[PDB]
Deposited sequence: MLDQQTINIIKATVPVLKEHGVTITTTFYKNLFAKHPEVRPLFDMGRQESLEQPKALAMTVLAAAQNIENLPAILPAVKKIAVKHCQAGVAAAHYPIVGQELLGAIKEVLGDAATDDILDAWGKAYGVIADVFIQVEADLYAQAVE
């Protein structure tokens, strides 16, 4: 939620987007290898790139609501839980570090974790509301 964090996301997103294919493939490979328990829920190739896109609009998250709402329904149909969020975040950050190489400073990583946390929260809330609206 901090401006420096915001500045670092703004500065780095473009660099990450240039390596989209690698982030996407590394993320899936690790997610499935390390967390076999999520395999039954499933590839949406856009999952990771959508996070970056949300991050690119961090100052105007409300603008991405219409997309967030459509994905949320799919997540609620599949059984996605708030406890899944951190696991996906962990694997995304790992993919990001691999791509950044040297340039992966602890401050950049920490920024991306904070950023992911915020974006994950919107999804978690919207989804908690849909599951509740279900009864």
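Deposited sequence positions missing from the model - stretches, numbered from 1, in order: Going by the record, the segments left unmodelled (no C-alpha atoms) fall at 1, 44-52, 146.
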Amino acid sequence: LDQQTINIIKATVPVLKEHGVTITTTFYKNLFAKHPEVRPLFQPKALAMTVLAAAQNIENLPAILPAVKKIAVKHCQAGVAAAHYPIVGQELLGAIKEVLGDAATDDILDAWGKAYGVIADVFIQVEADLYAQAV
From here on, numbers count along this sequence of modelled residues.
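Between two forms, the rigid core is defined as the largest C-alpha subset superposing within 1.5 Å.
Stretch departing more from the displayed form, 44-52 or 71-79, Cα RMS in 4 other deposited structures of this protein (core fit): With the rigid core superposed, the C-alphas that lie farther in 4 other deposited structures of this protein are those of 44-52.
Comparing 102-110 with 88-96, the one whose average Cα B-factor in the PDB entry is higher: Per the PDB entry, the higher value belongs to 102-110.
Mean C-alpha B-factor comparison - 14-22 and 123-131, higher one: Of 14-22 and 123-131, the stretch with the higher C-alpha B-factor average is 14-22.
Per the PDB entry, maximal CA B factor within 43, 30, 77, 50: When the deposited C-alpha B-factors of 43, 30, 77, 50 are compared, 43 is largest.
B-factor third for the C-alpha atom of residue 68 within its chain: Middle third, going by the recorded CA B-factors of the chain.
Residue 58 CA temperature factor, ranked by third within the chain: Highest third of the chain for residue 58's C-alpha B-factor.
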